[PDB]
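Shown next as structure tokens: one chain only, the form solved without its partner chain.
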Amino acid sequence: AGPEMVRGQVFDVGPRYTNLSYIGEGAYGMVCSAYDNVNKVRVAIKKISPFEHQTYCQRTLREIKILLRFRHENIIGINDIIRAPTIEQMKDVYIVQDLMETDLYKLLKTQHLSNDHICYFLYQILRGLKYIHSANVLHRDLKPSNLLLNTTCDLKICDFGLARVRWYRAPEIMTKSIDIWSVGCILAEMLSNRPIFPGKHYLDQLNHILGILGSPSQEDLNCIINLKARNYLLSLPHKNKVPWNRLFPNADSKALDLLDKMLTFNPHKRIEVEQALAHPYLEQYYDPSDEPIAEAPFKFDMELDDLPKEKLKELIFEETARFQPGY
């Protein structure tokens, strides 16, 4: 039987992984489910084709290094990696992960979440996030489609492609605090089943944020260092703050108090992940005895940003060597 294929794309993961089914895609790859004939379960397989671009090579190496270091129930792991036997033939990398049933994006398109389920999902996000940040890592792309759910409401954070040592993007960007902003956006979306700040572009993103939080204070204002952005915000008329209980009339007041502290304009006054876990909203789940941290911070021994993509390819080849037969 020849090399496998999905939607006209080579997906060369047999003989161990067969019965492929398309799930989704990324900027330079594709995810499928597959049958693993060793473990006799279906798994997810992420195909990545980074090697034409230094940036993609950087992200791929970081993602692999980070996930191989991490071990945590609320974080997707790596079970296996397939690539060609020689660097000259390596044009893709296949990362094998636990297959999850659905994600929060799909769930919120079709289901109303009870306050208890919102609470339990938020708790799991933050528990996962506490571990990540404790490793001195930023996820940088938290959003509902990167939060995976299995049948029994277990949540796992995936896609560490942008991890480092528009709708979900913090105002700063336009630090660990940017992840908390994202989580706030996700909480708001769990409350209403719609994105809280659905901007079409950069400027429009800001306008939506300002439409809810009101015009920035002057101390707030010099969080925005970009001079184009600063003058733009100065150019706008005054905007009144909309109270959270007016935006989410049927929401738990404890949930809104926490939301308020996550969606704080000034990153320095935004709640941190441990404080958030300790908030009264999450009291029913908070268990500081059972919220592990990383044994030590993560650190790159090479800065990856400066390396030619050929050297990065070599590092990716070496990094993945451990999963090769007879290694």
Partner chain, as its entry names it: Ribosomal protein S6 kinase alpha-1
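In this text, the rigid core denotes the largest set of C-alpha atoms whose superposition between the two forms falls within 1.5 Å. Numbering follows the first chain given and starts at 1.
Please figure out whether residue 236 and residue 237 are truly consecutive in the deposited sequence or have unmodelled residues between them, and give none, 1 to 3, 4 to 9, or 10 or more. Gap between residue 236 and residue 237: none.
Scan the PDB entry between residue 174 and residue 175 and report the missing deposited residues as one of none, 1 to 3, 4 to 9, 10 or more. Going from residue 174 to residue 175, the model skips 4 to 9 residues of the deposited sequence.
Look over 108-116 and 156-164 in the entry and identify the one with the greater average Cα temperature factor. Mean B over CA atoms: larger for 108-116.
Mean C-alpha B factor from the entry: is it higher for 256-264 or for 286-294? Looking at the recorded C-alpha B-factors, 286-294 comes out higher on average.
Criterion, highest CA B-factor; candidates, 143, 139, 72, 194: It is 194.
Quick one: which of 85, 184, 198, 128 has the biggest Cα B-factor according to the entry? Going by the entry's C-alpha B-factors, 198 comes out highest.
Split into thirds by Cα B-factor across the chain's modelled residues, where does residue 242 land: lowest, middle or highest? Highest third of the chain for residue 242's C-alpha B-factor.
Taking the values exactly as deposited, rank residue 276 by C-alpha B-factor within its chain and report the matching third: lowest, middle or highest. Within its chain, residue 276 is a middle-third residue by C-alpha B-factor, going by the deposited values.
Going by the entry, which third of its chain does the Cα temperature factor of residue 20 land in? Its C-alpha B-factor, which the entry lists for residue 20, ranks in the lowest third among residues of this chain.
Ranking the modelled residues of this chain by C-alpha B-factor as given in the entry, is residue 179 in the lowest, middle or highest third? For residue 179, whose C-alpha B-factor we compare with every modelled residue in the chain, the answer is the lowest third.
Mind checking which third residue 100 falls in for C-alpha B-factor across the chain? CA B-factor rank for residue 100: middle third.
The same protein also exists as the form deposited with its partner chain bound; that form is not shown, yet it is the one meant from here on.
Contact residue in the deposited bound form, from 153, 225, 242, 234 (heavy atom within 4.5 Å of its partner chain): Only one listed residue qualifies here, and that residue is 153.
Only one of 273, 61, 30, 262 comes within 4.5 Å of its partner chain in the deposited bound form by heavy atoms, so just point that one out. If I apply the 4.5 Å criterion carefully, the residue I get is 30.
Are all three residues 131, 134 and 248 in contact with its partner chain in the deposited bound form, where contact means a non-hydrogen atom within 4.5 Å? No residue of the spot touches its partner chain in the deposited bound form.
Look up in the deposited bound form whether residue 111 has a non-hydrogen atom within 4.5 angstroms of its partner chain, and give yes or no. Yes, residue 111 lies within 4.5 Å of its partner chain in the deposited bound form.
How about residue 19 - does it come within 4.5 Å of its partner chain in the deposited bound form, if we only consider non-hydrogen atoms? It does not: once its partner chain is placed as it appears in the deposited bound form, residue 19 has no heavy atom within 4.5 Å of it.
My question is simply whether residue 94 lines the interface with its partner chain in the deposited bound form - judged by any non-hydrogen atom within 4.5 Å. Residue 94: no contact with its partner chain in the deposited bound form.
Partner contact for residue 74 in the deposited bound form: its partner chain, 4.5 angstroms, heavy atom: Close contact exists here: in the deposited bound form, residue 74 approaches its partner chain to within 4.5 Å, heavy atoms only.
Partner-proximal stretch of 215-223, 178-186, 250-258, 201-209 relative to its partner chain in the deposited bound form, 4.5 angstroms, heavy atom: In the other structure, the partner sits against 201-209.
Partner contacts in the deposited bound form for 119-144 (non-hydrogen atom within 4.5 angstroms of its partner chain): Going through 119-144 in order - heavy atoms within 4.5 Å of its partner chain in the deposited bound form - the hits are 120, 121, 123, 124, 127.
Go through 76, 95, 196, 224 and flag the only one whose CA is off by 2 Å or more between the shown form and the other one, rigid core held fixed. That would be 224.
Align both forms on the core first, then report whether residue 28 has a C-alpha shift of 2 Å or more between the shown form and the other one. Yes: residue 28 shifts by at least 2 Å between the shown form and the other one.
Since the Cα-Cα distance for residue 195 and residue 226 shifts by 3 angstroms or more in the deposited bound form, is it a contraction (closer) or an expansion (farther)? Farther apart, which means the C-alphas of residue 195 and residue 226 are at least 3 Å more distant in the deposited bound form.
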